[PDB]
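J.: You'll find start_28.cif just under this line, and it carries mmCIF, C-alpha atoms.
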```
data_start
loop_
_atom_site.label_atom_id
_atom_site.label_comp_id
_atom_site.auth_asym_id
_atom_site.auth_seq_id
_atom_site.Cartn_x
_atom_site.Cartn_y
_atom_site.Cartn_z
CA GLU A 115 0.00 0.00 0.00
CA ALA A 116 2.79 2.44 0.88
CA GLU A 117 4.67 1.88 -2.37
CA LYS A 118 1.55 2.31 -4.51
CA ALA A 119 0.76 5.50 -2.58
CA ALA A 120 4.30 6.72 -3.24
CA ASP A 121 3.87 6.14 -6.96
CA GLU A 122 0.59 8.07 -7.02
CA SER A 123 1.95 10.92 -4.91
CA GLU A 124 4.88 11.31 -7.29
CA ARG A 125 2.35 11.23 -10.13
CA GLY A 126 0.44 14.15 -8.65
CA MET A 127 3.64 16.04 -7.84
CA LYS A 128 4.86 15.74 -11.42
CA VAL A 129 1.48 16.83 -12.78
CA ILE A 130 1.54 19.96 -10.64
CA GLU A 131 5.13 20.61 -11.73
CA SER A 132 4.15 20.58 -15.39
CA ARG A 133 1.07 22.73 -14.83
CA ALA A 134 3.12 25.32 -12.93
CA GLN A 135 5.63 25.44 -15.78
CA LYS A 136 2.88 26.08 -18.32
CA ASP A 137 1.49 28.81 -16.09
CA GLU A 138 4.89 30.51 -15.85
CA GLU A 139 5.10 30.49 -19.63
CA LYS A 140 1.70 32.16 -19.89
CA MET A 141 2.73 34.62 -17.18
CA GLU A 142 5.79 35.85 -19.07
CA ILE A 143 3.84 36.03 -22.34
CA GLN A 144 1.17 38.17 -20.71
CA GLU A 145 4.00 40.23 -19.17
CA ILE A 146 5.53 41.21 -22.51
CA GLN A 147 2.00 41.82 -23.80
CA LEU A 148 1.34 44.18 -20.89
CA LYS A 149 4.50 46.17 -21.63
CA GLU A 150 3.42 46.50 -25.25
CA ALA A 151 0.03 47.66 -24.00
CA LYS A 152 1.56 50.38 -21.84
CA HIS A 153 3.60 51.68 -24.76
CA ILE A 154 0.54 51.79 -27.02
CA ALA A 155 -1.25 53.70 -24.27
CA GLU A 156 1.48 56.33 -24.03
CA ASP A 157 1.52 56.77 -27.81
CA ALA A 158 -2.24 57.32 -27.87
CA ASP A 159 -1.90 59.83 -25.03
CA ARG A 160 0.64 61.88 -26.94
CA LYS A 161 -1.51 61.85 -30.06
CA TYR A 162 -4.44 63.06 -27.96
CA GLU A 163 -2.55 66.02 -26.54
CA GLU A 164 -1.39 66.92 -30.03
CA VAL A 165 -4.82 66.88 -31.64
CA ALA A 166 -6.28 68.88 -28.76
CA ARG A 167 -3.67 71.56 -29.35
CA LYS A 168 -4.50 71.70 -33.05
CA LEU A 169 -8.24 71.98 -32.42
CA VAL A 170 -7.79 74.81 -29.93
CA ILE A 171 -5.74 76.77 -32.45
CA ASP B 2 25.59 79.04 -24.17
CA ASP B 3 26.86 79.05 -20.59
CA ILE B 4 23.88 78.78 -18.22
CA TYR B 5 23.02 75.14 -18.86
CA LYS B 6 26.73 74.61 -19.50
CA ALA B 7 27.50 75.85 -15.99
CA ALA B 8 24.65 73.75 -14.58
CA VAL B 9 26.06 70.62 -16.22
CA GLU B 10 29.55 71.46 -14.98
CA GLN B 11 27.90 71.42 -11.53
CA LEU B 12 25.78 68.37 -12.39
CA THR B 13 23.05 68.06 -9.78
CA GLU B 14 21.72 64.75 -8.50
CA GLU B 15 18.06 65.70 -9.00
CA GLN B 16 18.53 65.94 -12.77
CA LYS B 17 21.14 63.16 -12.59
CA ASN B 18 18.47 60.66 -11.55
CA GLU B 19 16.54 61.10 -14.80
CA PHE B 20 19.80 61.42 -16.75
CA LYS B 21 21.10 58.06 -15.57
CA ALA B 22 17.66 56.44 -15.88
CA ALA B 23 17.55 57.38 -19.56
CA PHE B 24 21.24 56.42 -19.76
CA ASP B 25 20.60 52.84 -18.67
CA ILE B 26 17.67 52.98 -21.07
CA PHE B 27 20.21 53.96 -23.75
CA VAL B 28 23.69 52.82 -22.67
CA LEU B 29 23.97 49.28 -21.33
CA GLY B 30 27.62 49.70 -20.34
CA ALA B 31 31.06 50.45 -21.82
CA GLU B 32 29.49 52.50 -24.61
CA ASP B 33 30.38 55.85 -26.16
CA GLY B 34 26.97 57.29 -25.27
CA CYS B 35 25.83 57.53 -28.89
CA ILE B 36 22.15 58.20 -28.11
CA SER B 37 21.01 59.56 -31.47
CA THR B 38 18.92 62.72 -31.47
CA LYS B 39 15.99 60.80 -32.96
CA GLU B 40 16.35 58.10 -30.31
CA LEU B 41 17.01 60.76 -27.68
CA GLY B 42 13.72 62.48 -28.47
CA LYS B 43 11.93 59.13 -28.65
CA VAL B 44 13.10 58.24 -25.14
CA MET B 45 12.52 61.78 -23.83
CA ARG B 46 8.88 61.43 -24.83
CA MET B 47 8.94 57.79 -23.69
CA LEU B 48 10.07 58.01 -20.07
CA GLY B 49 7.32 60.31 -18.79
CA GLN B 50 9.21 63.58 -19.24
CA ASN B 51 7.87 66.60 -21.13
CA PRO B 52 6.40 65.32 -24.43
CA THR B 53 7.32 68.38 -26.48
CA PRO B 54 8.35 67.27 -30.00
CA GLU B 55 9.50 70.77 -30.97
CA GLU B 56 12.75 70.64 -28.99
CA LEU B 57 13.33 67.08 -30.23
CA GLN B 58 12.99 68.14 -33.87
CA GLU B 59 15.22 71.15 -33.20
CA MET B 60 17.86 68.72 -31.94
CA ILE B 61 17.34 66.38 -34.90
CA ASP B 62 17.83 69.27 -37.33
CA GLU B 63 20.74 70.46 -35.15
CA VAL B 64 22.41 67.30 -33.81
CA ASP B 65 23.64 64.12 -35.54
CA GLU B 66 24.83 66.37 -38.36
CA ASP B 67 28.16 64.57 -37.87
CA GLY B 68 26.79 61.55 -39.76
CA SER B 69 27.80 59.17 -36.96
CA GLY B 70 24.44 59.36 -35.17
CA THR B 71 26.31 59.66 -31.87
CA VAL B 72 25.45 62.58 -29.60
CA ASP B 73 28.07 63.95 -27.22
CA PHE B 74 27.17 64.27 -23.55
CA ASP B 75 27.61 68.05 -23.50
CA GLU B 76 24.95 69.07 -26.01
CA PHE B 77 22.69 66.15 -25.11
CA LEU B 78 22.63 67.26 -21.47
CA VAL B 79 22.20 70.89 -22.56
CA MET B 80 19.14 70.03 -24.65
CA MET B 81 17.78 67.74 -21.92
CA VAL B 82 17.95 70.46 -19.27
CA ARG B 83 16.69 73.16 -21.65
CA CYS B 84 13.79 70.93 -22.69
CA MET B 85 12.60 71.49 -19.13
CA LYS B 86 11.56 75.04 -18.27
CA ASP B 87 14.75 76.65 -16.94
CA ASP B 88 13.76 80.27 -16.30
CA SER B 89 12.89 82.49 -13.34
CA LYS B 90 9.54 83.37 -14.91
CA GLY B 91 11.21 86.06 -17.01
CA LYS B 92 11.13 88.82 -14.37
CA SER B 93 7.95 90.83 -13.72
CA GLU B 94 5.53 91.95 -16.42
CA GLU B 95 5.04 95.40 -14.89
CA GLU B 96 8.75 95.61 -14.12
CA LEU B 97 9.61 94.62 -17.70
CA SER B 98 7.12 97.18 -19.01
CA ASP B 99 8.97 99.82 -16.99
CA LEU B 100 12.26 98.47 -18.36
CA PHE B 101 10.91 98.88 -21.89
CA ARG B 102 9.44 102.35 -21.31
CA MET B 103 12.94 103.27 -20.20
CA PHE B 104 14.04 101.54 -23.41
CA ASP B 105 11.27 103.15 -25.47
CA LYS B 106 11.75 106.90 -25.85
CA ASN B 107 9.10 107.59 -28.50
CA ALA B 108 6.22 106.48 -26.23
CA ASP B 109 4.04 106.33 -29.34
CA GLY B 110 1.98 103.43 -28.02
CA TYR B 111 4.77 101.04 -29.01
CA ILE B 112 8.52 100.82 -29.55
CA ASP B 113 10.25 100.79 -32.92
CA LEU B 114 12.99 98.41 -34.02
CA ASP B 115 15.80 100.96 -33.85
CA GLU B 116 15.36 101.39 -30.10
CA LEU B 117 15.71 97.61 -29.77
CA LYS B 118 18.88 97.75 -31.87
CA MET B 119 20.24 100.51 -29.63
CA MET B 120 19.58 98.48 -26.50
CA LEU B 121 21.05 95.35 -28.11
CA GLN B 122 24.27 97.11 -29.09
CA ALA B 123 24.34 98.58 -25.58
CA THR B 124 24.27 95.02 -24.24
CA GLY B 125 27.41 94.20 -26.21
CA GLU B 126 26.94 90.60 -27.35
CA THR B 127 28.32 88.51 -30.18
CA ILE B 128 26.41 88.19 -33.45
CA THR B 129 25.46 84.90 -35.10
CA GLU B 130 22.81 83.44 -37.41
CA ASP B 131 20.07 84.31 -34.90
CA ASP B 132 20.86 88.01 -35.37
CA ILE B 133 20.07 90.75 -37.89
CA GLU B 134 16.83 89.30 -39.24
CA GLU B 135 15.94 86.58 -36.72
CA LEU B 136 14.43 89.28 -34.52
CA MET B 137 12.89 90.74 -37.67
CA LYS B 138 11.58 87.36 -38.80
CA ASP B 139 10.04 86.46 -35.44
CA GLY B 140 8.68 89.88 -34.49
CA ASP B 141 7.05 90.48 -37.89
CA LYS B 142 4.02 88.42 -36.94
CA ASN B 143 1.37 90.93 -38.02
CA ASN B 144 4.05 93.26 -39.46
CA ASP B 145 2.78 96.37 -37.69
CA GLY B 146 5.98 98.26 -38.54
CA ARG B 147 7.14 98.19 -34.93
CA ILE B 148 8.47 96.02 -32.11
CA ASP B 149 6.19 96.71 -29.15
CA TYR B 150 6.79 95.50 -25.63
CA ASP B 151 4.03 92.99 -26.34
CA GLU B 152 5.71 92.27 -29.68
CA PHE B 153 9.07 92.05 -27.92
CA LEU B 154 7.54 89.45 -25.60
CA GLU B 155 6.06 87.60 -28.58
CA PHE B 156 9.60 87.46 -29.95
CA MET B 157 11.58 86.65 -26.79
CA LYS B 158 9.17 86.31 -23.86
CA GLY B 159 10.50 85.38 -20.44
CA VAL B 160 13.54 87.66 -20.53
CA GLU B 161 15.77 86.73 -17.60
#
```
Any chance you could put this one into structure tokens?
T.:
Amino acid sequence: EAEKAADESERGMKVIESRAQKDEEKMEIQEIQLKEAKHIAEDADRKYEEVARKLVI
Amino acid sequence: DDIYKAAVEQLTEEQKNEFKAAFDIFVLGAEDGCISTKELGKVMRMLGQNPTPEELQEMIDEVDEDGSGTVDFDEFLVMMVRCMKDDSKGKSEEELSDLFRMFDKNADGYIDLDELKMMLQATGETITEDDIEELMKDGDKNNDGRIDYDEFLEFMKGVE
């Protein structure tokens, strides 16, 4: 019984290992995506200020 | 010519924080500090500083004329500090109006160019491309045949 339980516990441990690795991958991908998002936001902000200036004039 | 030059020669830590932040943005170590004027303006707008493209384009037309794209630390720091508003509010409007009425002898509701030339030659400064007609080019906005105190401000407001 103990040896079978050991096999199953290692099974579960390895499954959680793999899932955590996949999650880290998705985390870094979303991280680079978020940086790109921030840059797009700043660009839009600058464009907005510019067009406001033009309209006032 | 010398004000920002003196400030850089006495490089302060408050400006140095942003300077070195943009430096690590630009220079990753053991570099010549190239930092092209186009890239310099890109980062200047990028890192949350003043997003004024006019100074950046002035640099681009002015800097990297060497053809190497590198920008020396002297002029890069000068344009960085002068991109920020470095002026003591240009004295007082009423005080400057009194200064100009001392300057303006005609008191004809304005001041003519020749009085400005007299005061300029009284100052005793060197002449360069921004002389002779640069004042004429800038001040001739509506071309009223004069350089009023208001027109003189329109030309070179914030006189310090």
J.: Selection in question (the file shown): the PyMOL selection byres ((chain B and resi 26) around 12). Which residues does it include, as a list in words?
T.: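 Here the PyMOL selection byres ((chain B and resi 26) around 12) matches residues 19, 20, 21, 22, 23, 24, 25, 27, 28, 29, 30, 34, 36, 40, 41, 43, 44, 45, 47 and 48 of chain B.
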J.: Between atom CA of residue B:144 and atom CA of residue B:108, measure the distance and give it in Å to one decimal.
T.: 18.8 Å
J.: Grab the atom CA of residue B:80 to atom CA of residue B:5 distance for me, in Å with one decimal place.
T.: 8.6 Å
J.: List the residues matched by the PyMOL selection byres ((chain B and resi 38) around 7) in the displayed structure as a CSV table (one decimal) with C-alpha atoms, keeping the file's coordinate frame, ordered by chain and then by residue number.
T.:
```
chain,number,residue,atom,x,y,z
B,36,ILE,CA,22.2,58.2,-28.1
B,37,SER,CA,21.0,59.6,-31.5
B,39,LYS,CA,16.0,60.8,-33.0
B,40,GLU,CA,16.4,58.1,-30.3
B,41,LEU,CA,17.0,60.8,-27.7
B,42,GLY,CA,13.7,62.5,-28.5
B,60,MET,CA,17.9,68.7,-31.9
B,61,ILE,CA,17.3,66.4,-34.9
B,64,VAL,CA,22.4,67.3,-33.8
B,65,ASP,CA,23.6,64.1,-35.5
B,72,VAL,CA,25.4,62.6,-29.6
```
J.: Kindly provide, as a PyMOL selection string, the residues of chain A having any atom no farther than 12 Å from an atom of chain B, counting all atoms listed in the file.
T.: chain A and resi 152-164+167
J.: For atom CA of residue B:75 and atom CA of residue B:154, determine how far apart the two atoms are, in Å to one decimal place.
T.: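 Computing it gives 29.4 Å between the two atoms.
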J.: Once you count all atoms listed in the file, what closest atom pair and distance in Å to one decimal does each residue of stretch 44-88 of chain B within 12 Å of stretch 6-11 of chain B have, with rows by chain and rising residue number, as CSV?
T.:
```
residue,atom,partner,partner_atom,distance
B:74,CA,B:9,CA,9.8
B:75,CA,B:6,CA,7.7
B:76,CA,B:6,CA,8.7
B:77,CA,B:9,CA,10.5
B:78,CA,B:9,CA,7.1
B:79,CA,B:6,CA,6.6
B:80,CA,B:6,CA,10.3
B:81,CA,B:9,CA,10.5
B:82,CA,B:9,CA,8.7
B:83,CA,B:6,CA,10.4
B:87,CA,B:8,CA,10.6
```
J.: Check which residues satisfy the PyMOL selection byres ((chain B and resi 88-91) around 8) in the file shown, then give them as a PyMOL selection string.
T.: chain B and resi 86-87+92-93+158-161
J.: What's around residue B:155 at 12 Å? Count only C-alpha atoms, leave out sequence neighbours fewer than 2 positions away in its own chain, and write the answer as a ChimeraX atom specification.
T.: /B:136-143,148-153,157-160
J.: For residue B:120, find every residue with an atom within 12 Å (counting all atoms listed in the file), except residues of its own chain fewer than 3 positions away, and show them as number ranges by chain.
T.: B: 100-101, 103-106, 112-117, 123-126
J.: Output C-alpha atoms for every residue in that selection, as an mmCIF file, keeping the file's coordinate frame.
T.:
```cif
data_model
loop_
_atom_site.group_PDB
_atom_site.id
_atom_site.type_symbol
_atom_site.label_atom_id
_atom_site.label_comp_id
_atom_site.auth_asym_id
_atom_site.auth_seq_id
_atom_site.Cartn_x
_atom_site.Cartn_y
_atom_site.Cartn_z
ATOM 1 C CA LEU B 100 12.260 98.470 -18.360
ATOM 2 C CA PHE B 101 10.910 98.880 -21.890
ATOM 3 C CA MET B 103 12.940 103.270 -20.200
ATOM 4 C CA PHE B 104 14.040 101.540 -23.410
ATOM 5 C CA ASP B 105 11.270 103.150 -25.470
ATOM 6 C CA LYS B 106 11.750 106.900 -25.850
ATOM 7 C CA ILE B 112 8.520 100.820 -29.550
ATOM 8 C CA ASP B 113 10.250 100.790 -32.920
ATOM 9 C CA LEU B 114 12.990 98.410 -34.020
ATOM 10 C CA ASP B 115 15.800 100.960 -33.850
ATOM 11 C CA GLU B 116 15.360 101.390 -30.100
ATOM 12 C CA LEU B 117 15.710 97.610 -29.770
ATOM 13 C CA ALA B 123 24.340 98.580 -25.580
ATOM 14 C CA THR B 124 24.270 95.020 -24.240
ATOM 15 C CA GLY B 125 27.410 94.200 -26.210
ATOM 16 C CA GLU B 126 26.940 90.600 -27.350
#
```
J.: Excluding residue B:127 and residues on its chain fewer than 6 positions from it, collect all residues at most 12 Å away from it, counting all atoms listed in the file, and give them as a ChimeraX atom specification.
T.: /B:2,121,133
J.: Step by step, gather every atom of stretch 32-48 of chain B that the file lists, find the box along x, y and z that holds them, add 6 Å on each side, and finally give centre and edge lengths in Å to one decimal, as lines of an AutoDock Vina configuration file.
T.:
```
center_x = 19.6
center_y = 57.6
center_z = -26.5
size_x = 33.5
size_y = 22.2
size_z = 24.9
```
